[PDB]
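In the form deposited in one PDB entry, a lone chain appears below as structure tokens.
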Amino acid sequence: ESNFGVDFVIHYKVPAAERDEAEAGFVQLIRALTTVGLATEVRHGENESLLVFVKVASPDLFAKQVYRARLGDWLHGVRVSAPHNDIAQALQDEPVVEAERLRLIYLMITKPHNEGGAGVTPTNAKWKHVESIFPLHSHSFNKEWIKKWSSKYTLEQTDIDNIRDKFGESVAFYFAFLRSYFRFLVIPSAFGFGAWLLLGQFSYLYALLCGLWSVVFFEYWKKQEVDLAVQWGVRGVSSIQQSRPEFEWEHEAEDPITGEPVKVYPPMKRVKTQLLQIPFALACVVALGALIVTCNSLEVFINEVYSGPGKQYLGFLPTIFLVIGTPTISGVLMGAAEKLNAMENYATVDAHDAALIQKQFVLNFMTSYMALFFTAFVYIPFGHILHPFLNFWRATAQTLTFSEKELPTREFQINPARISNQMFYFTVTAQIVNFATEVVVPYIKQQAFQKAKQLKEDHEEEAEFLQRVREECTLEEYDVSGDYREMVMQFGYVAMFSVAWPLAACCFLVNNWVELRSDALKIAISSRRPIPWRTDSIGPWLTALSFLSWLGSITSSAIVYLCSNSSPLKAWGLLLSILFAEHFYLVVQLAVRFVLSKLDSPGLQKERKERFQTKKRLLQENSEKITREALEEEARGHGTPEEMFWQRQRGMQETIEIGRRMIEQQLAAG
């Protein structure tokens, strides 16, 4: 029915080898967990594991620790609400949410002994056979959440607040970003339908409107991000995040802010190492292009110019070439990226994750957009550049057949509907396939897996709970990065290639509405609950969105100019179109930034009001008079030209009288 008060579960597999090592690790883990102050219970594994459950034993000590963590947060400025002086109302005015309690328990479980409770991190090399420490899903909450979200047309801020309260700030931030993106997608959908109905394809007006929308949405989301950062009390959380276990520091100096001994790595060395990203980026771009362009040319040769038998069966060759070439190449480049950022010496784990995501973004962009770039810039405008490649493929096919009769071909004429077909696939077919892969096939494979396990001693009143815990353990930990990446790639599609298919935005909106519940279902029943982390922003995805919008401002105009014919594509015209579109994008960006700066942001205003209140709180915690001072000057020659100058009229009445006499003397001449 519900979790038996269990907060965290540790898998702790026990292999047949190193039994003594496993036993020593187990007893050390139990000792550490007892020292921190968490009650421990041990139960069945699957067949080699030893699942243990932890929970807070003394509620008062945990409440004190929660108050201490809140005080530390308010001291570092990540929250602007000052907690109560005594722990009697602060925990009651704002209750300890599930996410905060789980995060604090996780920090207690995994943190170095010098300042934490127990260093039970799985990547320390003294705690091996410990795959993960994960919390337990709430089945009733998941069911009610799914039902409520699927029975509502739109979600208010209360649902996102509930997501923040339960699953942490990172998942809540992703869902808020998805909701804002879906709501903002109704404008590009609306005027894309308008352009499709009224105008034709490759409309400059639609390109300008899409460029306007892509920057308006980005700036509005940045403002909403700033607002939500203080609404949930997470501001600059990266500053308070502790350093990674793997970190290379030459010396430890004094913190200029907190006045504490911290390990410092010179930023210039990190910048010098990061300068090597550009060769890596060029390498992955070239590697992915040399494969995608080759596959696309093979596909063009197979479909456009060919007359041999079995064209339909043979047409799958470049389709399957990609599904076996791009995985290996992407994996090799990912290994190179992990080698590169490992020596980049990132202190916080969040910075390391952001750098890894930024490195992966190049491959994601390459795989998601190289085919469209090739179609829009190398195929449609110039059908003659591909002639050497087509001749090479013809020669390869002829020498592969090793037969006579000079197999026939056809004249090569470009297909104006190729970009429409590609956009339609990426907008509808790829989306349906992705939805199936995201939702139905993982659940089906999990059902099959467990079924087989069951087809190939516990205690009463807990057998069902233990078995559901065992099934939950096998599920992979939910990664919010993948959903962010999918949404960012979709936004890139909108910003860059939607001018060739204005209907794409409507199907993007439909898919976003479906995904707002599909990702919820995936988190609920297809993945174990992630450890609740706190982030003040979506991270490097902001820069990804900015780059995608800027690139779309150019790509849309380039497509419009280069594909309107579907006179002979003068280069100055294309350059002028690109320049005008880019300048319009920059001017619109400046105007939107200025307008949003003029608009008040309640988050910053509330933070400033809290600062004002905490500054002002310390204040409560801490003619008859001029002559008196004038007379003391004389009592101090006696300064003939200094003291005597100001004592000539040491009174109001004498000053007034001398001024009157002065005025009449001055104007008694003329």
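From 1 onward, residues are counted along the sequence shown. Think of the rigid core as the biggest set of C-alphas that the two forms share within 1.5 Å after superposition.
**Q** Are residue 456 and residue 457 truly consecutive in the deposited sequence, or are residues between them missing coordinates? Give the number as none, 1 to 3, 4 to 9, or 10 or more.
**A** Gap between residue 456 and residue 457: 4 to 9 unmodelled residues.
**Q** Unmodelled deposited residues between residue 566 and residue 567: none, 1 to 3, 4 to 9, or 10 or more?
**A** Unresolved stretch here: 4 to 9 residues.
What comes next is about the form deposited in another entry, which does not appear here.
**Q** Against the rigid core, a Cα displacement of 2 Å or more between this form and the one not shown applies to just one of 262, 107, 205, 596. Which?
**A** After core superposition, the single residue displaced by 2 Å or more is 262.
**Q** Rigid core fitted, then: does residue 158 show a CA shift of 2 angstroms or greater between this form and the one not shown?
**A** No.
**Q** Given a core-based superposition, decide whether the C-alpha of residue 651 shifts by 2 Å or more between this form and the one not shown.
**A** Moves: yes, 2 Å or greater.
**Q** Any CA movement of 2 Å or more for residue 519 between this form and the one not shown, core superposed?
**A** Residue 519 C-alpha, core-superposed: shift of less than 2 Å.
**Q** Residue 551 and residue 276: do their C-alpha atoms lie closer or farther in the other form than in the form you see, with a change of 3 Å or more?
**A** The answer is farther, because the C-alphas of residue 551 and residue 276 separate from each other in the other form by 3 Å or more.
**Q** So the CA-CA distance for residue 322 and residue 556 moves by at least 3 angstroms in the other form. Closer or farther than here?
**A** Compared with the form shown here, the C-alpha atoms of residue 322 and residue 556 sit closer together in the other form, by 3 Å or more.
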